[PDB]
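In structure tokens, one chain follows: the form deposited without its partner chain.
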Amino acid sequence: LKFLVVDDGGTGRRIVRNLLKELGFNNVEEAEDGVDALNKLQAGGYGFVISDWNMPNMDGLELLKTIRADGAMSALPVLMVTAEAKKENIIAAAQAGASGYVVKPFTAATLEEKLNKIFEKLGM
């Protein structure tokens, strides 16, 4: 399953890249903003998207909205990473169609769980 990790911060991508590797997922690509992510997703082949919220050029919510509006990309599982205490962001993400969310900072256990929920939910 090919994952696309989107985050404008290198540390954030490295944290997610290592946790996935630990969980056994070695097919992981990275993008630094919503535009960079869409350029890659349009190329095809992806099976899961993990996206940061605040990013320049195109943020995570706009990215999610774009994915969901696109016929070829609309069915992609999208896990949004929201900041601690930004309750409105979780609500806006759910309304926009996020498959789930995870609040940063998160542990490896929390991340595995959120992933497990989506897999079960979408039946993967």
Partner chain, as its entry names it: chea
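Residue numbers count along the first chain shown, from 1.
Check the entry's C-alpha temperature factors for 97 to 105 and 20 to 28, then say which stretch has the higher mean.
Looking at the record's C-alpha B-factors, the answer is 20 to 28.
Could you check which stretch, 32 to 40 or 77 to 85, carries the larger mean CA temperature factor in the entry?
The entry gives the higher C-alpha B-factor average to 77 to 85.
Peak C-alpha temperature factor (PDB record), options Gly71, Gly60, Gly45, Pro56
Within the set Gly71, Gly60, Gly45, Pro56, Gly45 shows the top C-alpha B-factor.
The form deposited with its partner chain bound is left out here; the points below concern that form.
Does the 4.5 Å heavy atom contact test between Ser51 and its partner chain in the deposited complex come out positive?
No, no contact at 4.5 Å.
Would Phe25 show up as a contact with its partner chain in the deposited complex if we use heavy atoms at 4.5 Å?
Result no; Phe25 lies far from its partner chain in the deposited complex.
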